[PDB]
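Novice: Quick one: structure below, then a few questions.
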Amino acid sequence: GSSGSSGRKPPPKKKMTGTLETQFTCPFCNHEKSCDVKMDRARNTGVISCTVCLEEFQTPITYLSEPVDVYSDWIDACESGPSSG
Ligand SMILES: [Zn+2]
């Protein structure tokens, strides 16, 4: 058959994702950091919203919960999980 080989493999540049910035992608319109997560403790209910399509969602949260989790939930809640309240 065929073959050559060479080797050598430099390390990839450092690039991580800084979560917990009250910002997340919107699966509805998808316009990058364009959403705000409202963590209401008194009511223990996190409400998310968009800044392009004008959307909003509500979900039960707690002190331990994070502003990054609510985002994920909103996804499954839309693709399959109609919340009532
Ligand atoms: Zn949107």
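Counting starts with 1 at the first residue shown.
From the backbone N, Cα and C atoms, a Cβ is placed for every residue, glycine too.
Quick paste of what Swiss-Prot says about this protein:
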type: BINDING; residues: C26, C29, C50, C53; note: Zn(2+) binding site
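In case it's useful when we look at the structure, here is the feature table from the PDB entry:
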type: SEQADV; residues: 1-7; note: cloning artifact
type: SEQADV; residues: 80-85; note: cloning artifact
Novice: Which of the three DSSP-derived classes (helix, strand, coil) applies to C50 (Zn(2+) binding site)?
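Specialist: Assignment for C50 (Zn(2+) binding site) reads strand.
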Novice: By a simple count, how many Cβ atoms lie within 10 Å of the Cβ of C50 (Zn(2+) binding site), its own Cβ left out?
Specialist: 21
Novice: When DSSP states are grouped into helix, strand and coil, how many residues of the cloning artifact (1-7) land in each?
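Specialist: Taking each residue of the cloning artifact (1-7) in turn, the totals are 0 helix, 0 strand, 7 coil.
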Novice: Which are the residues of the chain, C26, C29, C50, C53 excluded, whose CB is within 8 A of where the CB atoms of the Zn(2+) site average out, their centroid?
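Specialist: These residues sit around the Zn(2+) site: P27, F28, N30, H31, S34, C35, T51, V52, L54, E55.
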Novice: By DSSP, how many residues in the cloning artifact (80-85) are helix, how many strand, and how many coil?
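Specialist: Secondary-structure composition of the cloning artifact (80-85): 1 helix, 0 strand, 5 coil.
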Novice: Starting from each candidate's C-beta and looking 10 angstroms out, tell me which of the binding-site residues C26, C29, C53 has the most other C-beta atoms.
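Specialist: When each Cβ's neighbours within 10 Å are tallied, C26 leads.
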